[PDB]
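Here's the structure we're looking at; comments come further down.
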4 protein chains.
Amino acid sequence: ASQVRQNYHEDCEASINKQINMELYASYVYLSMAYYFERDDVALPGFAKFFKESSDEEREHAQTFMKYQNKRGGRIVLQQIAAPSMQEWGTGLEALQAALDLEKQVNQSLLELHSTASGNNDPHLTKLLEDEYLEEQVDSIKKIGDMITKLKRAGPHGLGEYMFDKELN
Amino acid sequence: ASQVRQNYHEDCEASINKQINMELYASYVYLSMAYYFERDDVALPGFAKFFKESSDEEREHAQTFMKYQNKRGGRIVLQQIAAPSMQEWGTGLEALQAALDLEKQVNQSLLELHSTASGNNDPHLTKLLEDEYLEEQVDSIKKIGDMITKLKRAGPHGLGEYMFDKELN
Amino acid sequence: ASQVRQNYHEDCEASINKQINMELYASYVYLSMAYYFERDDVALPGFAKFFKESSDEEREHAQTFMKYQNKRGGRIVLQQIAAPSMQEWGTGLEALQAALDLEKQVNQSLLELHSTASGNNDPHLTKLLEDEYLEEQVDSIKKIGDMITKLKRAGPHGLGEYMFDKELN
Amino acid sequence: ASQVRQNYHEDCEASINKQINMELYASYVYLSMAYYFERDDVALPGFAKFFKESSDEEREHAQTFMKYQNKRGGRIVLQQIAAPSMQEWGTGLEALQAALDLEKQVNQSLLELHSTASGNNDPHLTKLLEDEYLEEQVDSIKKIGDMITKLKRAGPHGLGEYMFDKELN
Ligand SMILES: [Fe+3]
Ligand SMILES: [Fe+3]
Ligand SMILES: [Fe+3]
Ligand SMILES: [Fe+3]
Ligand code: NI
Ligand code: NI
Ligand code: NI
Ligand code: NI
Ligand code: NI
Ligand code: NI
Ligand code: NI
Ligand code: NI
């Protein structure tokens, strides 16, 4: 084993590698959305900026897990990153609804990782998940939920979508 | 009696204690409204901020009456603070209408306190009420009335409610 | 359910609402103490300031739980706030002893909330409690314990109470 | 009559002249106390400063009434200023007790002046009394009451009197 490895279960190591792939996938989905909203026939620059920054954040989430893997003496194994589920994302509201669903899927995976870490009595890893991931995920889900409600109020189509887009820009 | 007490009628002392409870109740109502407007299915941050600041102000009104009670040599008696009349406040307009009704109820109580003070020939207390409470109350009622009119013009639902909320934020 | 709700048990939601009421009650108790110590026949401005700031802090604790309820998709339910157990709090030492007892009651409630969250496998909530509440509570209990010991040394009556009051101011 | 005189009753004019004398008398009493506390066998510099500043304030109160008399077209009539009731004021506590009694006598005179003004339907004068005199008087009575309580706690003799004197300096 690695000279640093201590109290680090192989199941947690493997689950971290799977989570790295999921974070990279989420980054790719948000990158797709970002440039969809810069199409000349879409032109929603607030949504584009929101999803560009979300894509950057998920790439950083993946990197933080890669750093963690190395810190504990596990070994990073990278797999193919799936194509985003769509090439075109529809309205601003439909993209936010897809984002909410994705964030909740990621949250479920993080909670399953926490259960794996708890069951293997790894408090360093439950700590990482609670402080660096679970809090960010709940905050993101509440923010996107708020955004869906505000957009449904303002629009969700036409002038209201145009005006809501400005609050993101 | 207190070593400081002079020209301070027991009826005014008791009426101040009842008003302290009413100010604390109004603070509680506005606190309820503030966090109602931060629900993920409401998401009106301008309304939330307006009612948060209103809640803070009413708590300060209560404290100023508590300080006054002590200044005159009366004794503060604190009672239960009733639960707000609602748990959910409806639309922004319905909350403002409830706020206007509450502010007018508080105003009526303050005017009755002024009549009690006048009838007991307490010009220090009629002074406090005129300068620190009655002016603020009339200004608040005019402001909320204005807000109701502006929101009815802009909305009061949908995009207009969304846009009006921004002027409060 | 709320569009944001995930892994949030109804028992935790209800326990958070009960804790909100307890924090508001503690705020009310400390508000009572604060203005008791500004009576002309008490006149302990250091104690008054200590309990005024404590009252503000407990109101903030309540608000942080209200924000948390909304963040997780629970629904805030506000109840009557009981009158403080006393109208007059006696000596500075007796008030600190009452405060220590109240802080330990609040701590016990927070620990029971943590046990509820743990038993329902909610690591986001055990996280909130550990980082935002349990640490503050233990620090507050140690501070008030220290204060009781210092006041018993200095006074606890007469000149020593007068001098101790200055270290709080 | 004066070219400026309007709605100014001769009874109010005479009562203002009597109040001018009372304010000057109070200034003289506090001047006596101030230098009593600078005797080599008393040596309480905090008390001395407190009463020096109180003496200055009462002289300013007299001058504000003289300015008011002129403003309304009344005519200032100045009378003998009585010697202070004592030449030696005893302990710090006895001086504060004498000051509290004097401030309450002045307050009673001001309230009688307000009743005279009210009965003669002079709202300019009831205004002056409420804003410039009655508020200051109640604040002064509460402050001296607080001071008596703090000094009784700290001392009122010996080391506690020595230490209390420092908080005034
Ligand atoms: Fe992520
Ligand atoms: Fe108010
Ligand atoms: Fe608390
Ligand atoms: Fe005066
Ligand atoms: Ni579609
Ligand atoms: Ni996020
Ligand atoms: Ni309705
Ligand atoms: Ni107001
Ligand atoms: Ni006792
Ligand atoms: Ni605390
Ligand atoms: Ni004597
Ligand atoms: Ni004064």
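Letters go in sequence order (proteins before strands), and every chain restarts at 1.
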Return the minimal non-hydrogen interatomic distance between A:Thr149 and B:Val42, and the atom names on each side. CG2-O, 3.5 Å

Does atom NZ (B:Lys166) have a neighbourhood of more than 12 heavy atoms from anything else shown, all under 6.0 Å? yes

In this structure, are over 12 heavy atoms from other groups packed under 6.0 Å from A:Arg59 atom CZ? no

Residues in residues 114-147 of chain B that sit under 4.5 Å from chain A, counting heavy atoms only: none

About how many Å separate CG of A:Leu100 and CG of B:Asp40, when rounded to the nearest 0.5 Å? 9.0 Å

Give me the atom names and distance for the closest heavy-atom approach of B:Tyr162 to A:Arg153. N-CD, 3.7 Å

